[PDB]
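Q: Any chance you can model this:
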Amino acid sequence: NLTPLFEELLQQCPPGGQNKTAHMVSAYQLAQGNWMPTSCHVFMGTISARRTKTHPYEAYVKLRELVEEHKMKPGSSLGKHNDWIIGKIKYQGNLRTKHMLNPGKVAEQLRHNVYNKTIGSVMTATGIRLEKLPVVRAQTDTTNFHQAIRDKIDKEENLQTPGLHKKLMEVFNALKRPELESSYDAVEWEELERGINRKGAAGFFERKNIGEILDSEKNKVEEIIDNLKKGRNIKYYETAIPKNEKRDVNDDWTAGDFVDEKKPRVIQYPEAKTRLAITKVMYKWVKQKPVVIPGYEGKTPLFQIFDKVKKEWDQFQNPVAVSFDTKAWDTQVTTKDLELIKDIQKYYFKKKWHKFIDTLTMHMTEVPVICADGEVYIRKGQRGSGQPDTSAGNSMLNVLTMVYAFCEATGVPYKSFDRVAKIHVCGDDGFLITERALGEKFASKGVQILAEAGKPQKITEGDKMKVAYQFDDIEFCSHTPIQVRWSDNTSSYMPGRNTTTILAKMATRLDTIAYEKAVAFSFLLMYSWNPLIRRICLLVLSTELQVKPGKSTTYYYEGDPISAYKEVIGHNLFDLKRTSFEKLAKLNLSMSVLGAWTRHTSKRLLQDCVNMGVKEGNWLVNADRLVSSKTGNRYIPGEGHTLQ
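A: Numbering: from 1, shown residues only. Pasting the structure now:
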């Protein structure tokens, strides 16, 4: 009876190891009685207990009593290499951090959400009520920023199962790529400068951005590579800014705005010179060239991912997908976690970079962080979202932890995972596909195993992980599959997501037509299954055909945008005859719940398209099958290509 109460309490128990000298009893066995807990250190949902004619409620109070005894049982020396930050302190701290040093505040140092006028007025022109759309890209004030630090970052390091990381290494040895052992070397400046955003943000004490440092202070970056390579301390620090601040900029191209959306509330990032030093050396690992993390989908475009996943899904008999959903992952990365990734990096890198990886990793286990306003805190481990290693490091750490959790829950051995499951990851996001019995075992017992591995899962109904029983219930990269029907009698899947959300993201920005047409084409590649969005996209793309699209967003087109689409999607926009009736109903629901559209909106948007398309000429709106059906005119595309 009391079994769900014990299961809740066992997730707060400190992780222990296997105890062969005592009786280890589960949440079920404790609820039945005559079992008395002797300690609260949890191992695979079991704790050590003396069989002493107990009553269920009495066993529960002893186990809670022991858990609170352990919780009510410390300040930490600062590392020498971090001492330099204390000499920059100018005023006493006011972060009021309870678990990490707030040594004070350094001297001060020298963006808003607005509408995209053309995209926003096309929406208004059809009766879409913008004010009813959800708010996106919210920036936060200093006060809630510091509260977010106390809430998420001010914490002792997660305890993990003893020996967890030897096991995880055992999992890596089942997935390593031995033909690459000890081959990774640094890259040349030319190759580094190819894939980098010159507007990459400067750290607190910096003034130049990535491109400016590239142009004029390469020697400063090389001095840093040299110091680390010889094992010498550098003055490593990360800067803290709230999400969506002027300095919340991505160094590298992004598969979509979904990657800004999953960012922590607190962005923490090394200096630009330092992000450059790390990347010039660890390029092949942090940019996954080649891909050595199994299931890593970082380089897969959003319009391909679900077609790729369906092929795996179809090869199972009775497939399910279990979601990876860790609470505030970056805050759950431990020192031992980063050191596990250090050992794996050293597997693939030439020996002359091991002292480099060793010293950087050492710098990353205790990190001076400087807030926008100047407040310093000393972070113990964790991941700063802006580190170059976030995507690659979290992806491997995710894959390893999840294979281990699945393998320990199901009894499948680490070397046999590839035989009964497929895994897919993008940083902490992901899922695996497997047969239904295997997945349900992993989804019920995985919660407790993942809490003991120091990656707690977001609390749910029935203390179970989310299972998808039908393919288009998979959730990945903030999107979910939706099927479309083409006029060549094939079907395929597109990245689907709520229409209210797509409208929000498309209609706003943080601080002109060339940019909006880029956005429109960018959204048209992802959301052509959505007739509302598809038509708003074609109307915007119809604007000022003499102006060429900007380059500051995910994608843009050279030449014709309808032909560019055909090149990456594999069909013509005009050939898309049907979008999944049911899934579209699900993704349009919030439109009506929020009242962002009326009964008139779709017709008015179609009518505005037909009015433009019936007139004499060659109009992008007629690339829409239904619009062209009502105008009797077609769009004849020119040559066109898609770019990043």
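Q: Pretty sure residue 344 sits against residue 397.
A: No. If you go by CB atoms under 8 Å, residue 344 and residue 397 don't touch, sitting 9.2 Å apart. Using the backbone N, CA and C atoms, a C-beta is placed for each residue, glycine as well.
Q: between those two, which one's more packed in?
A: Taking other CB atoms under 10 Å, residue 344 and residue 397 do not tie; residue 397 has more neighbours (27 against 24).
Q: my guess is that one contacts residue 334, does it?
A: No. Applying CB under 8 Å as the test, residue 397 and residue 334 come out as separate, 9.7 Å apart.
Q: how far away is the closest residue to residue 636 other than its chain neighbours from residue 562?
A: Using CB to CB, 6 or more residues apart in numbering and skipping the chain neighbours, the partner closest in space to residue 636 is residue 618 (5.8 Å). Here the criterion is CB to CB, to the nearest Å. By it, residue 618 lies 10 Å from residue 562.
Q: list the residues that contact both of these two?
A: Shared contacts of residue 618 and residue 562, defined by CB atoms under 8 Å, 6 or more residues apart in numbering, comprise residue 635.
Q: Please say which of the two ends up with more neighbours.
A: residue 562 (23 against 13).
Q: Which helix or strand contains residue 95?
A: Using DSSP states H and E, no element contains residue 95; it sits outside every helix and strand.
Q: Excluding chain neighbours, what is closest to it?
A: Nearest to residue 95 is residue 102, by CB to CB, 6+ apart, at 4.2 Å.
Q: same question, residue 509
A: Using CB to CB, 6+ apart, the nearest residue to residue 509 is residue 116, at 5.9 Å.
Q: how close does the one you found get to residue 446?
A: Counting by CB to CB, the gap from residue 116 to residue 446 is 42 Å.
Q: Between the two, tell me which one has more neighbours.
A: residue 446 (23 against 20).
Q: can you tell me which residues contact that one?
A: Taking CB under 8 Å, 6+ apart as the definition, contacts of residue 446 comprise 322, 405, 406, 409, 457, 465.
Q: cool, and residue 622?
A: 613, 628, 631, 633, 634, 635.
Q: before we move on, what about residue 297?
A: Contacts of residue 297 (CB under 8 Å, 6+ apart): 305, 308, 424, 425, 426, 476, 477.
Q: Residue 207: which of those is nearest?
A: Nearest to residue 207 among the contacts of residue 297, counting by CB to CB, is residue 426 at 33.1 Å.
Q: Am I right that that closest one is in contact with residue 392?
A: No. With contact defined as CB under 8 Å, residue 426 does not reach residue 392; the gap is 11.0 Å.
Q: Helix or strand: which one has residue 405?
A: helix 390-410.
Q: Mind exporting the C-alpha coordinates of that helix to CSV?
A: Provided in CSV are the C-alpha atoms of helix 390-410 (Å, rounded to 0.1, in the frame of the first residue of the first chain):
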residue,chain,number,x,y,z
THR,A,390,28.5,21.7,-24.0
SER,A,391,27.0,19.9,-27.0
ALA,A,392,29.7,17.2,-27.4
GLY,A,393,30.4,16.7,-23.7
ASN,A,394,26.7,16.6,-22.6
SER,A,395,25.8,14.4,-25.5
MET,A,396,28.4,11.7,-24.6
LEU,A,397,27.6,12.0,-20.9
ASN,A,398,23.9,11.6,-21.8
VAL,A,399,24.4,8.6,-24.0
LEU,A,400,26.7,6.8,-21.5
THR,A,401,24.3,7.5,-18.6
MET,A,402,21.2,6.4,-20.5
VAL,A,403,22.7,3.2,-21.9
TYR,A,404,23.9,2.4,-18.3
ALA,A,405,20.4,3.1,-16.9
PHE,A,406,18.7,1.1,-19.6
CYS,A,407,21.1,-1.8,-19.2
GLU,A,408,20.9,-1.9,-15.4
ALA,A,409,17.1,-1.7,-15.5
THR,A,410,16.5,-4.3,-18.2
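Q: who does the host helix or strand of residue 431 pair up with?
A: Assigned by DSSP H and E, residue 431 falls within strand 429-435. Partner strands and pairing direction for strand 429-435 (DSSP bridges) are strand 319-324 (antiparallel), strand 421-426 (antiparallel).
Q: Centre of the chain to the first one, how far?
A: Looking back up the chat, that one is strand 319-324. With CA atoms, centre = their mean, to the nearest Å as the basis, strand 319-324 stands 17 Å off its chain's centre.
Q: Next secondary structure after it?
A: In N-to-C order, the element after strand 319-324 by DSSP H and E is helix 335-348.
Q: for that following helix, which positions count as buried?
A: 335-342, 344-348 (16 or more other CB atoms under 10 Å).
Q: so whichever helix or strand comes after it versus helix 335-348, what angle?
A: Downstream of helix 335-348, the first helix or strand assigned by DSSP H and E is helix 354-364. Relative orientation of helix 354-364 and helix 335-348, computed by axes from the mean of the first three to the mean of the last three CA atoms, to 10 degrees: 160 degrees.
Q: just the CA coordinates of the next helix-or-strand element following helix 354-364, formatted as CSV?
A: Remark: after helix 354-364, the chain's next helix or strand is strand 366-371, criterion DSSP H and E. Output in CSV follows, covering the C-alpha atoms of strand 366-371 (Å, rounded to 0.1, in the frame of the first residue of the first chain):
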residue,chain,number,x,y,z
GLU,A,366,35.9,24.9,-9.8
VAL,A,367,35.0,27.9,-12.0
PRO,A,368,35.1,31.6,-11.0
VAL,A,369,31.9,33.0,-12.5
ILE,A,370,31.4,36.8,-12.9
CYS,A,371,27.8,38.1,-13.2
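Q: In terms of secondary structure, what does strand 366-371 contact?
A: When contacts are defined as 3 or more CB pairs under 8 Å, 6 or more residues apart in numbering; DSSP states H and E, strand 366-371 packs onto strand 238-242, strand 375-380.
Q: Going by neighbour count, which residues of whatever helix or strand comes next after the shortest one are buried?
A: Heading C-terminal from strand 238-242, the first helix or strand you meet, by DSSP H and E, is helix 258-261. Under the neighbour-count criterion of 16+ other CB under 10 Å, helix 258-261 has 258, 259, 260 buried.
Q: Distance from the chain centre to helix 258-261, please.
A: Worked out by CA atoms, centre = their mean, helix 258-261 lies 7 Å from the chain centre.
Q: Give me the angle between the following helix or strand past it and strand 238-242.
A: Using DSSP H and E, the next helix or strand after helix 258-261 towards the C-terminus is strand 266-270. Interaxial angle of strand 266-270 relative to strand 238-242 (the same axes, to 10 degrees): 150 degrees.
Q: Name the residues that touch the host helix or strand of residue 65?
A: If you go by DSSP H and E, residue 65 is part of helix 56-71. Residues outside helix 56-71 that contact it (CB under 8 Å, 6+ apart) are 1-2, 5-6, 9, 12-14, 30-33, 35-37, 39-40, 47, 49.
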